[PDB]
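Trainee: My file is model16.pdb. It has PDB, C-alpha atoms (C1' of nucleotides) and all ligand atoms:
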```pdb
ATOM      1  CA  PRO A 699      18.044   7.286  49.036
ATOM      2  CA  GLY A 700      18.926  10.797  47.898
ATOM      3  CA  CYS A 701      22.074  10.258  45.835
ATOM      4  CA  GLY A 702      21.846  12.579  42.811
ATOM      5  CA  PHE A 703      24.662  12.579  40.201
ATOM      6  CA  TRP A 704      22.736  11.233  37.301
ATOM      7  CA  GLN A 705      25.352  12.342  34.745
ATOM      8  CA  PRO A 706      27.182   9.157  33.757
ATOM      9  CA  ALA A 707      23.957   7.153  33.637
ATOM     10  CA  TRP A 708      22.411   9.866  31.476
ATOM     11  CA  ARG A 709      25.436   9.820  29.179
ATOM     12  CA  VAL A 710      25.176   6.042  28.855
ATOM     13  CA  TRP A 711      21.510   6.272  27.924
ATOM     14  CA  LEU A 712      22.271   8.962  25.351
ATOM     15  CA  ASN A 713      24.898   6.770  23.777
ATOM     16  CA  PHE A 714      22.497   3.820  23.721
ATOM     17  CA  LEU A 715      19.955   6.033  21.975
ATOM     18  CA  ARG A 716      22.514   6.813  19.275
ATOM     19  CA  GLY A 717      22.557   3.189  18.164
ATOM     20  CA  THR A 718      18.766   3.042  18.247
ATOM     21  CA  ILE A 719      18.389   6.159  16.129
ATOM     22  CA  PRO A 720      19.525   4.195  13.077
ATOM     23  CA  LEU A 721      17.767   0.953  13.994
ATOM     24  CA  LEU A 722      14.532   2.794  14.729
ATOM     25  CA  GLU A 723      14.766   4.778  11.500
ATOM     26  CA  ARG A 724      15.069   1.548   9.527
ATOM     27  CA  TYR A 725      12.436  -0.209  11.641
ATOM     28  CA  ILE A 726       9.760   2.366  12.452
ATOM     29  CA  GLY A 727      10.256   4.017   9.061
ATOM     30  CA  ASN A 728       9.880   0.651   7.338
ATOM     31  CA  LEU A 729       6.691  -0.033   9.272
ATOM     32  CA  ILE A 730       5.216   3.302   8.248
ATOM     33  CA  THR A 731       6.160   2.666   4.618
ATOM     34  CA  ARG A 732       4.404  -0.695   4.817
ATOM     35  CA  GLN A 733       1.327   0.962   6.299
ATOM     36  CA  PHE A 734       1.244   3.393   3.387
ATOM     37  CA  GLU A 735       2.528   0.960   0.684
ATOM     38  CA  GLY A 736       2.519  -2.719   1.838
ATOM     39  CA  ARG A 737       5.021  -5.038  -0.012
ATOM     40  CA  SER A 738       4.402  -6.873  -3.357
ATOM     41  CA  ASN A 739       6.440 -10.080  -3.828
ATOM     42  CA  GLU A 740       8.796 -11.113  -1.015
ATOM     43  CA  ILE A 741      11.408 -13.805  -1.593
ATOM     44  CA  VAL A 742      12.000 -16.456   1.033
ATOM     45  CA  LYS A 743      15.556 -17.591   1.698
ATOM     46  CA  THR A 744      16.707 -21.200   1.887
ATOM     47  CA  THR A 745      19.821 -20.405   3.937
ATOM     48  CA  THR A 746      17.329 -21.020   6.748
ATOM     49  CA  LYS A 747      17.672 -24.359   8.530
ATOM     50  CA  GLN A 748      13.951 -24.869   8.013
ATOM     51  CA  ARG A 749      12.849 -25.290   4.410
ATOM     52  CA  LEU A 750      16.361 -26.168   3.233
ATOM     53  CA  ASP A 751      15.840 -29.885   2.739
TER      54      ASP A 751
ATOM     55  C1'   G B   1       7.333  54.038   5.859
ATOM     56  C1'   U B   2      12.632  54.984   5.551
ATOM     57  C1'   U B   3      14.957  58.235   3.188
ATOM     58  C1'   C B   4      18.842  61.477  -0.858
ATOM     59  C1'   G B   5      17.645  65.579  -3.986
ATOM     60  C1'   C B   6      14.443  69.967  -6.136
ATOM     61  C1'   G B   7      10.162  73.980  -5.546
ATOM     62  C1'   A B   8       6.802  76.981  -1.995
ATOM     63  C1'   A B   9       5.182  78.865   3.155
ATOM     64  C1'   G B  10       7.077  79.866   8.385
ATOM     65  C1'   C B  11      15.799  74.432  11.086
ATOM     66  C1'   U B  12       9.392  73.227  10.952
ATOM     67  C1'   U B  13       5.380  72.100   7.255
ATOM     68  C1'   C B  14       3.112  70.907   2.299
ATOM     69  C1'   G B  15       4.033  69.639  -3.211
ATOM     70  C1'   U B  16       7.251  66.630  -6.176
ATOM     71  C1'   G B  17      11.951  63.125  -9.005
ATOM     72  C1'   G B  18      14.588  59.110  -7.475
ATOM     73  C1'   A B  19      16.556  54.953  -4.449
ATOM     74  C1'   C B  20      15.173  51.128  -1.061
ATOM     75  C1'   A B  21      11.479  46.666  -0.880
ATOM     76  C1'   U B  22       9.071  44.045  -4.850
ATOM     77  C1'   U B  23       3.884  38.096  -7.077
ATOM     78  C1'   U B  24       2.688  33.863  -0.983
ATOM     79  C1'   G B  25      -0.115  29.427  -0.680
ATOM     80  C1'   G B  26      -3.088  24.660  -2.693
ATOM     81  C1'   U B  27      -2.182  16.607  -5.668
ATOM     82  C1'   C B  28      -6.052  19.027   0.214
ATOM     83  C1'   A B  29     -11.126  23.096   0.275
ATOM     84  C1'   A B  30     -15.453  21.672   7.168
ATOM     85  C1'   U B  31     -21.053  15.311   8.223
ATOM     86  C1'   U B  32     -23.650  11.228   5.295
ATOM     87  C1'   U B  33     -22.246  10.111  -1.503
ATOM     88  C1'   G B  34     -15.639   7.978  -3.579
ATOM     89  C1'   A B  35     -14.981   3.762  -0.540
ATOM     90  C1'   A B  36     -10.783   1.225   6.919
ATOM     91  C1'   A B  37     -11.323  -2.742   9.508
ATOM     92  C1'   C B  38     -12.604  -5.856  13.593
ATOM     93  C1'   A B  39     -16.875  -7.076  16.212
ATOM     94  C1'   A B  40     -21.933  -9.124  16.526
ATOM     95  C1'   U B  41     -26.092 -12.566  15.215
ATOM     96  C1'   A B  42     -27.294 -16.825  12.602
ATOM     97  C1'   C B  43     -25.323 -21.063  10.285
ATOM     98  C1'   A B  44     -21.709 -24.578   9.742
ATOM     99  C1'   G B  45     -16.701 -25.939  11.100
ATOM    100  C1'   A B  46     -10.647 -28.156  11.203
ATOM    101  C1'   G B  47      -4.223 -31.363   5.330
ATOM    102  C1'   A B  48      -2.960 -36.488   4.179
ATOM    103  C1'   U B  49      -5.000 -41.115   6.543
ATOM    104  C1'   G B  50      -9.203 -45.405   9.361
ATOM    105  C1'   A B  51      -8.184 -41.846  13.214
ATOM    106  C1'   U B  52      -5.135 -38.108  16.004
ATOM    107  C1'   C B  53      -1.273 -34.817  15.264
ATOM    108  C1'   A B  54       3.964 -32.095  13.618
ATOM    109  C1'   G B  55       6.584 -29.471  10.355
ATOM    110  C1'   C B  56       8.335 -28.003   5.454
ATOM    111  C1'   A B  57       7.560 -26.356   0.772
ATOM    112  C1'   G B  58       4.712 -25.461  -4.134
ATOM    113  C1'   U B  59       1.151 -22.461  -7.883
ATOM    114  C1'   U B  60      -1.385 -17.813  -7.933
ATOM    115  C1'   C B  61      -4.150 -11.328 -11.739
ATOM    116  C1'   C B  62      -5.052 -13.063  -2.348
ATOM    117  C1'   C B  63      -3.193 -10.935   1.273
ATOM    118  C1'   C B  64      -2.236  -9.834   6.788
ATOM    119  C1'   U B  65       1.321  -9.567  11.240
ATOM    120  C1'   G B  66       6.347  -8.939  11.197
ATOM    121  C1'   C B  67      12.485  -4.201  10.888
ATOM    122  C1'   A B  68      12.907  -8.296   8.210
ATOM    123  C1'   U B  69      16.205 -11.825   2.837
ATOM    124  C1'   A B  70      13.929 -14.117  10.640
ATOM    125  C1'   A B  71       9.562 -16.066  11.960
ATOM    126  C1'   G B  72       4.351 -16.429  12.121
ATOM    127  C1'   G B  73      -0.268 -16.618   9.930
ATOM    128  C1'   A B  74      -6.822 -22.376   9.499
ATOM    129  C1'   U B  75      -0.838 -27.272   6.608
ATOM    130  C1'   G B  76      -2.120 -18.465   6.392
ATOM    131  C1'   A B  77      -5.926 -17.596   1.728
ATOM    132  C1'   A B  78      -7.959 -20.238  -3.386
ATOM    133  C1'   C B  79      -5.786 -25.225  -5.332
ATOM    134  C1'   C B  80      -9.481 -31.540  -3.795
ATOM    135  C1'   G B  81     -13.127 -29.910  -9.742
ATOM    136  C1'   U B  82     -13.575 -30.483 -14.885
ATOM    137  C1'   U B  83     -11.600 -34.622 -17.675
ATOM    138  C1'   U B  84     -14.897 -36.716 -25.605
ATOM    139  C1'   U B  85     -10.236 -34.655 -31.580
ATOM    140  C1'   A B  86      -2.167 -32.787 -34.020
ATOM    141  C1'   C B  87      -6.496 -39.116 -34.428
ATOM    142  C1'   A B  88      -5.030 -42.559 -38.431
ATOM    143  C1'   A B  89      -4.811 -47.856 -40.619
ATOM    144  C1'   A B  90      -7.098 -52.850 -41.639
ATOM    145  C1'   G B  91     -11.373 -56.255 -42.001
ATOM    146  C1'   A B  92     -16.927 -57.362 -42.244
ATOM    147  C1'   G B  93     -22.125 -55.864 -43.351
ATOM    148  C1'   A B  94     -25.873 -52.184 -45.387
ATOM    149  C1'   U B  95     -28.547 -47.832 -48.608
ATOM    150  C1'   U B  96     -27.640 -44.118 -52.816
ATOM    151  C1'   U B  97     -25.030 -43.302 -58.457
TER     152        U B  97
HETATM  153 MG    MG C   1      -0.752 -25.423  12.009
END
```
Take the structure in the file and write it out as structure tokens.
Mentor:
Amino acid sequence: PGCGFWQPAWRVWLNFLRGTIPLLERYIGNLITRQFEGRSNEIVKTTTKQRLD
RNA sequence: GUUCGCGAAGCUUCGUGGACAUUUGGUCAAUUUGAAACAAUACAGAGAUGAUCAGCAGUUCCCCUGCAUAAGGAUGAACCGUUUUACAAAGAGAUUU
């Protein structure tokens, strides 16, 4: 042990985070919205295998 | 305070006219009384059907978890009860005018 050179790994993680930014903003943001103002009348979707028949 | 001019005393100091800069912040004010929930105790207690159990939906002025148009919530919640009139036609018997 004692190999430094964290750069490429770091870069990779940064790039991963990029993707998340969006996903988290939809997700976390959505959650917080719900917490403040929690949904009225959701519509289920029969394209699901379950419930189709 | 910066300063660009005027007027008095000794470039230094007072007295003035201007220019520069110009209206912040609050849907809120710090403990009970403007609304959080679980938990706990007590008491019961689990969809059809005889019983045991799966899953899916459905209605709603019920929601929760969930990123969710996934999925999951006691089959997620309440539905299991009440239920007498657009009501006429025919026949028989009885009291009143
Ligand atoms: Mg179940």
Trainee: Give the residue list for ligand MG 1 (chain C) at 10 Å, counting only C-alpha atoms (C1' of nucleotides) and all ligand atoms, as a PyMOL selection string, sorted by chain and then by residue number.
Mentor: chain B and resi 47+53-55+73-76
Trainee: Write the residues of the preceding selection, restricted to C-alpha atoms (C1' of nucleotides), as a PDB file, keeping the file's coordinate frame.
Mentor:
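Output file again13.pdb is given in full below:
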```pdb
ATOM      1  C1'   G B  47      -4.223 -31.363   5.330  1.00  0.00           C
ATOM      2  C1'   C B  53      -1.273 -34.817  15.264  1.00  0.00           C
ATOM      3  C1'   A B  54       3.964 -32.095  13.618  1.00  0.00           C
ATOM      4  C1'   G B  55       6.584 -29.471  10.355  1.00  0.00           C
ATOM      5  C1'   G B  73      -0.268 -16.618   9.930  1.00  0.00           C
ATOM      6  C1'   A B  74      -6.822 -22.376   9.499  1.00  0.00           C
ATOM      7  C1'   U B  75      -0.838 -27.272   6.608  1.00  0.00           C
ATOM      8  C1'   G B  76      -2.120 -18.465   6.392  1.00  0.00           C
TER       9        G B  76
END
```
Trainee: Determine the residue set returned by the PyMOL selection byres ((chain A) within 9 of (chain B)) for the present structure, and present it as a ChimeraX atom specification.
Mentor: /A:721-722,724-729,740-743,746,748-751
Trainee: State, in Å with one decimal place, the distance from CA of residue 717 in chain A to CA of residue 705 in chain A.
Mentor: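 Going from CA of residue 717 in chain A over to CA of residue 705 in chain A covers 19.1 Å.
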Trainee: Could you tell me how far CA of residue 730 in chain A sits from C1' of residue 61 in chain B, in Å to one decimal place?
Mentor: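 Between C1' of residue 61 in chain B and CA of residue 730 in chain A the gap is 26.5 Å.
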Trainee: With all atoms listed in the file counted, which protein, DNA or RNA residues have an atom no more than 10 Å from (-1.0, -21.3, -8.7) in the file frame? Please answer as a list in words.
Mentor: residues 58, 59, 60, 78 and 79 of chain B
Trainee: So which residues touch residue 16 in chain B within 12 Å, counting only C-alpha atoms (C1' of nucleotides), skipping near sequence neighbours fewer than 6 positions away, as a PyMOL selection string?
Mentor: chain B and resi 5-8
Trainee: What is the distance between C1' of residue 4 in chain B and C1' of residue 19 in chain B, in Å to one decimal?
Mentor: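 Atom-to-atom, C1' of residue 4 in chain B and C1' of residue 19 in chain B are spaced 7.8 Å apart.
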Trainee: Would you place a box with edges along x, y and z of the file around all atoms of range 81-93 of chain B listed there, add 5 Å to each of its six sides, and report the centre and edge lengths in Å to one decimal, as lines of an AutoDock Vina configuration file?
Mentor:
```
center_x = -12.1
center_y = -43.6
center_z = -26.5
size_x = 30.0
size_y = 37.5
size_z = 43.6
```
Trainee: For the file shown, report as a list in words the outcome of the PyMOL selection byres (((chain B and resi 21) around 12) and not hetatm) at residue level.
Mentor: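 Output of the PyMOL selection byres (((chain B and resi 21) around 12) and not hetatm): residues 1, 2, 19, 20 and 22 of chain B.
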Trainee: Could you write out the selected residues, including C-alpha atoms (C1' of nucleotides), as a PDB file, keeping the file's coordinate frame?
Mentor:
```pdb
ATOM      1  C1'   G B   1       7.333  54.038   5.859  1.00  0.00           C
ATOM      2  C1'   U B   2      12.632  54.984   5.551  1.00  0.00           C
ATOM      3  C1'   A B  19      16.556  54.953  -4.449  1.00  0.00           C
ATOM      4  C1'   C B  20      15.173  51.128  -1.061  1.00  0.00           C
ATOM      5  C1'   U B  22       9.071  44.045  -4.850  1.00  0.00           C
TER       6        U B  22
END
```
Trainee: Complete the atoms of range 721-735 of chain A to N, CA and C atoms and put them out as a compact mmCIF listing (two decimals), keeping the file's coordinate frame.
Mentor:
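Wrote it out as selection10.txt, contents follow:
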```
# COMPACT_ATOMS: atom_id res chain seq x y z
N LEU A 721 18.60 2.16 14.00
CA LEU A 721 17.77 0.95 13.99
C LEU A 721 16.28 1.37 13.92
N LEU A 722 15.92 2.36 14.71
CA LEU A 722 14.53 2.79 14.73
C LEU A 722 14.14 3.39 13.39
N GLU A 723 15.04 4.15 12.79
CA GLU A 723 14.77 4.78 11.50
C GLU A 723 14.55 3.72 10.44
N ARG A 724 15.35 2.65 10.47
CA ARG A 724 15.07 1.55 9.53
C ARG A 724 13.74 0.89 9.88
N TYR A 725 13.58 0.60 11.17
CA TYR A 725 12.44 -0.21 11.64
C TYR A 725 11.08 0.50 11.57
N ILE A 726 10.98 1.56 12.36
CA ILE A 726 9.76 2.37 12.45
C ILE A 726 9.40 2.92 11.08
N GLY A 727 10.41 3.44 10.40
CA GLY A 727 10.26 4.02 9.06
C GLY A 727 9.69 2.98 8.11
N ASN A 728 10.29 1.79 8.18
CA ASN A 728 9.88 0.65 7.34
C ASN A 728 8.42 0.33 7.56
N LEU A 729 8.05 0.28 8.84
CA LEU A 729 6.69 -0.03 9.27
C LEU A 729 5.72 0.99 8.66
N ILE A 730 6.11 2.25 8.77
CA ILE A 730 5.22 3.30 8.25
C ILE A 730 5.08 3.20 6.75
N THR A 731 6.17 2.88 6.07
CA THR A 731 6.16 2.67 4.62
C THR A 731 5.18 1.56 4.25
N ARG A 732 5.27 0.48 5.00
CA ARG A 732 4.40 -0.70 4.82
C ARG A 732 2.94 -0.30 4.95
N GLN A 733 2.68 0.47 6.00
CA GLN A 733 1.33 0.96 6.30
C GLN A 733 0.79 1.77 5.13
N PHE A 734 1.65 2.65 4.62
CA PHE A 734 1.24 3.39 3.39
C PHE A 734 1.25 2.51 2.13
N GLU A 735 2.33 1.76 1.90
CA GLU A 735 2.53 0.96 0.68
C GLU A 735 3.07 -0.45 0.99
```
